[PDB]
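Engineer: show me the folded form of this:
(chains A, B, C, D, E, F and G, ligands or ions: 3)
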Amino acid sequence: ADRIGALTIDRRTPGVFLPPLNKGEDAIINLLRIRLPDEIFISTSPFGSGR
Amino acid sequence: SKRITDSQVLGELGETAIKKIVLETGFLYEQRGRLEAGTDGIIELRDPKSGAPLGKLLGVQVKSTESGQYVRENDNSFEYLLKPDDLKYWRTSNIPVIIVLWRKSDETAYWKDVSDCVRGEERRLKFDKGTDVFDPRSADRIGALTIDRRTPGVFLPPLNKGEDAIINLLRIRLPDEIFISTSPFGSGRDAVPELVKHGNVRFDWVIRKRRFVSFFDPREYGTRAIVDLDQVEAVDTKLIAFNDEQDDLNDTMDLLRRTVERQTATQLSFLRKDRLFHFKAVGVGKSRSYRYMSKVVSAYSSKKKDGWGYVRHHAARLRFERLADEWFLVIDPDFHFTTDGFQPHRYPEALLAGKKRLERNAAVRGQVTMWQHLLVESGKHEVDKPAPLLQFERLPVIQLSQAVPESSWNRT
Amino acid sequence: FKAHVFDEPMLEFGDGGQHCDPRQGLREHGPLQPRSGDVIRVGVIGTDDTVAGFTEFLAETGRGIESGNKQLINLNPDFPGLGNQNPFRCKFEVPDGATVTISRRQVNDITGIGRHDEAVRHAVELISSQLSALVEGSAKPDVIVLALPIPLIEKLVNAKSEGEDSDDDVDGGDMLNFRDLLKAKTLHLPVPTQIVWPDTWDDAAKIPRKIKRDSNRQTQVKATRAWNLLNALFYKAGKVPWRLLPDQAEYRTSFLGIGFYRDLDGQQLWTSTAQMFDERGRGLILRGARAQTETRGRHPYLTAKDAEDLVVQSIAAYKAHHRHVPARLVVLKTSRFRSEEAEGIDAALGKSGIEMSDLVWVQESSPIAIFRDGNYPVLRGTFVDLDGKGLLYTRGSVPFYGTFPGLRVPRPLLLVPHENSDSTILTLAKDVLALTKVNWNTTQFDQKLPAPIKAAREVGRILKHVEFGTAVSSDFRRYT
DNA sequence: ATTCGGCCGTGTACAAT
RNA sequence: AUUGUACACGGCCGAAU
DNA sequence: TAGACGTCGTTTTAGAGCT
DNA sequence: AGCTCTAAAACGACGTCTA
Ligand SMILES: [Ca+2]
Ligand SMILES: [Ca+2]
Ligand SMILES: [Ca+2]
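Structural biologist: Residues are numbered from 1 along each chain as shown, chains lettered A, B, ... in the order given. Ligands and ions are numbered 1, 2, ... in the order given. Shown next is the protein structure:
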């Protein structure tokens, strides 16, 4: 009975592939990402450089 | 004292009816014995063509009702509620489990996968009365349950009994006689102005090698100087159409094209630069729609679009073929573009590519059916006027032993 | 009109394993001819950016590439990797010292040339010298990959010359093809060469179109690109990936495809041929040769004696492997068979004793088609017998793929056998449909054209630049 | 000139409903 | 040119007037 | 000790019920 | 008008009273 029941245990995974493998260490960067608005406004002010 | 209530008889009848439906489909059905629990039977798939069982099983639970509407039943769909223990047992199995509801009053069967639950509810199944009917047409979909779409390399042969597809050929019924004669001119190019000079004008004739070939009688119209009247003769069409000589075949094809052009001049117009029969526009900047039977539906042959302005006309490169001593007309759908409906639209490559790219099989089938209907209707007189010379009939519909599992491809 | 639908022809992989899809068949059973040694040494030529870029892609394919479309897993399968399911049972390694780097000064030398034709010819000479160095040394690559950089592609393909088109000012026509010229000029080298653009091994890189400057080129998903590229690399390494599963009781047949190509001046027309037959064993031989005649002209058809010599060569090539003339000779041509051609074929067979022959004109310019009811076209393999002329649907809905991998309604082939033909059109269509699955340039198995016809046109591209009378290798690996 | 047949070559769009 | 199809454009050929 | 009567297990559909 | 338990039928042996 025990031997027969082991047939339906489905030892094989349902066709899943695992990209990653053995890895040593991890780290993070001080860099941070920025999202930008989809609109900018430009003009020609009567001033030179905002002074 | 022993009694077999109508409920048990009805349940057995429903199981038998579902087994009969499965066998009509072409699969194999196995009925479980007394020790059944949560599964009325097992369906095994079988290839309709080779008859080879596919070894893929799926459990089936059949619930039968004598009559009475389901939960929230309407004309388009209804709803059903499962028992929790039954759902748990179905989920702990290793084969797909379907549930089929069989109503005896209207003799209907509706099937659904037990795991296809209504969004947000575990035990509700929303049966669509149009697509969930249990019958051979659903076979492919049932087979789609056996295979796991996640694992690669697994597939299933087409499980439908067959399909029906049409061809674009239209059989021509040639007139029993053809007018052959001599002529002063060997080429019709010089003869055309002579015909223009005379009274009646019609372009349904061919001049190839000083010989004049036509369907209509040259005497009865203005084509008098084109032909030597003494040598005019009418002979059986088998001596001109169905023979082996090359120039006879060329003259037959040219005469058929000109006859089709004249016969369909009411709706179509010819473009000699591309040999294209395009739906002529009535009035400059005025539109047209066509109604055809396939069930009557309208296809909109001529469309302008705003901007600078371009007009798309449906068109076809109608050609002629001779197979098995019979003549067939080949329809090849296409589009023509005009700046104002008459003057051709220069630089049409972008519009042509855009229109062709989005066209799928259904659109092309609709276009070819519309063209077939137009050419069939143009061959009828229904009387005053001369009867049309060429009559086109649709070929018998082509039967295919296998069908595309389109019903299972709605969400690929 | 009686219609028929052929089941998908059976392919043979690995240790006799059978499957109807090259991608899945390779994954399960492996290549038909196992490679001796578990490493396929691949040489890379290009700039240090592209050489390093392509090197990690080969390693990336070893790790495994996920599917580009989970909805259609059969049409866009994931690349397995280096585990038990490795498609080719081998590692694609770039061994140390097997790389040649195109210097930035060398690229600027090619780019700086004004005329497009002169730039292409100068580039071919430059790459040919690098290829000679790669094979002369101890690197010993099995197949050499040319990873062209983006600046080179713009000048060689898109004809970009510092904004203004000086060549277009000359108003020349039919600019030289860099790929075809390069393959012709390196036929004497013993290692097949593969050209790879950065788009395949780098999704980030973008290459603009030649005319539509704003638009970029669109490529398949990365997994599909790896499947097609590595299969070509494996085939160019010298081992046949898969073969049509042979029926136990079939006539020993050799398929000969005949095609035509222009003579680099746009007027004359030569004839290029391709021969396909089994290797008396598990193998499959695909040769590509040019007619040895010199009857110049513009006619897209053979003459009496010229067609006879074509069959004599094909019989001799077949006889060199099997030591016996074939039982059946199937000839596929891109143009209608004429009386002079057919009597030329018959004369060659009479001198050799071939029993059965078939002369089929594979035509793609046919307006005849059939349409089912629905949003999908007819099944691939659908056949209609139009009075001795076969309407074969080599492309269409594929039940294995779950969809139709096309852009519009597919255009069927029209098989028009000549009068001097033996096999019925039903059997000829079954053979033609099977031949479409044995084109090794791609792993997708629904090809419109049969391999002998497809291989004949590919041979014509390279041989357009080969001077007549120059002996060249007939192996198809040098042309695909 | 036409009418019938056909073929080969270079580009873009798209990854399939 | 990873891969091919569809489309568009162009060149050309065979038979008879 | 025999011996129905009972509880327990399932399917099967259909009703009175609380909602 | 939906759920949900609740009736009603059958089979399968097996304690439990009930003498
Ligand atoms: Ca049952
Ligand atoms: Ca039941
Ligand atoms: Ca290739």
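
Engineer: give the contact list for the residue nearest the centre of chain A.
Structural biologist: Closest residue to the average C-alpha location of chain A: residue A:33 at 12.9 Å, with Cα atoms, centre = their mean. If a contact means Cβ atoms under 8 Å, 6 or more residues apart in numbering or on different chains, then residue A:33 has no contacts. Heads up, the C-betas are built off the backbone N, CA and C, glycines and all.

Engineer: sticking with it, tell me its helix or strand.
Structural biologist: Residue A:33 belongs to no helix or strand when assigned by DSSP states H and E.

Engineer: now do the strands in the stretch 301-450 of chain C.
Structural biologist: C:328-333, C:356-363, C:370-372, C:382-385, C:390-392, C:413-417 (DSSP state E, counting those that start in this stretch).

Engineer: in JSON lines, list these along with distance to residue C:181 and mean neighbour count.
Structural biologist: Converted to JSON lines, the strands of the stretch 301-450 of chain C look like this (distance: least, Cβ to Cβ, whole Å; neighbours: other Cβ atoms under 10 Å in any protein chain shown):
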{"stretch": "strand C:328-333", "distance to residue C:181": "27", "mean neighbour count": "26"}
{"stretch": "strand C:356-363", "distance to residue C:181": "28", "mean neighbour count": "22"}
{"stretch": "strand C:370-372", "distance to residue C:181": "42", "mean neighbour count": "22"}
{"stretch": "strand C:382-385", "distance to residue C:181": "40", "mean neighbour count": "23"}
{"stretch": "strand C:390-392", "distance to residue C:181": "35", "mean neighbour count": "24"}
{"stretch": "strand C:413-417", "distance to residue C:181": "31", "mean neighbour count": "22"}
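
Engineer: which of those strands sits closest to chain A?
Structural biologist: strand C:382-385 (31.4 Å; Cβ to the nearest Cβ).

Engineer: ok, and does that closest one reach over to DNA strand D?
Structural biologist: No. Using Cβ under 7 Å from any atom of the strand, strand C:382-385 stays clear of DNA strand D, with a minimum separation of 14.2 Å.

Engineer: out of the strands of the stretch 301-450 of chain C, which comes closest to DNA strand G?
Structural biologist: Within the strands of the stretch 301-450 of chain C, the stretch nearest DNA strand G is strand C:370-372; the backing value is 39.4 Å (Cβ to the nearest atom of the strand).

Engineer: from residue A:27, how far out is the residue nearest to the centre of chain A?
Structural biologist: Counting by Cβ to Cβ, to the nearest Å, the gap from residue A:33 to residue A:27 is 17 Å.

Engineer: remind me, longest helix of chain C?
Structural biologist: helix C:116-136 (DSSP state H).

Engineer: for the residue nearest to the centre of chain A, what are phi and psi?
Structural biologist: phi -90, psi 150 (degrees, to the nearest 10).

Engineer: SS state for residue 42?
Structural biologist: Just so you know, I chose chain A. Under DSSP: H, G, I helix; E, B strand; the rest coil, the three-state class of residue A:42 is coil.

Engineer: to clarify, I was referring to chain C.
Structural biologist: Per three-state DSSP, residue C:42 ends up strand.

Engineer: the closest residue to DNA strand G within chain A: neighbour count?
Structural biologist: Relative to DNA strand G, the nearest point of chain A is residue A:1 (20.3 Å; Cβ to the nearest atom of the strand). Using other Cβ atoms under 10 Å in any protein chain shown, residue A:1 has 4 neighbouring residues.

Engineer: check the one 10 residues further on too.
Structural biologist: By the other Cβ under 10 Å criterion, the neighbourhood of residue A:11 contains 6 residues.

Engineer: related to what we said a few turns ago, just put the strands of the stretch 301-450 of chain C in JSON lines and tack on distance to DNA strand G.
Structural biologist: Output for the strands of the stretch 301-450 of chain C, formatted as JSON lines (distance: least, Cβ to the nearest atom of the strand, whole Å):
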{"stretch": "strand C:328-333", "distance to DNA strand G": "64"}
{"stretch": "strand C:356-363", "distance to DNA strand G": "61"}
{"stretch": "strand C:370-372", "distance to DNA strand G": "39"}
{"stretch": "strand C:382-385", "distance to DNA strand G": "46"}
{"stretch": "strand C:390-392", "distance to DNA strand G": "53"}
{"stretch": "strand C:413-417", "distance to DNA strand G": "56"}
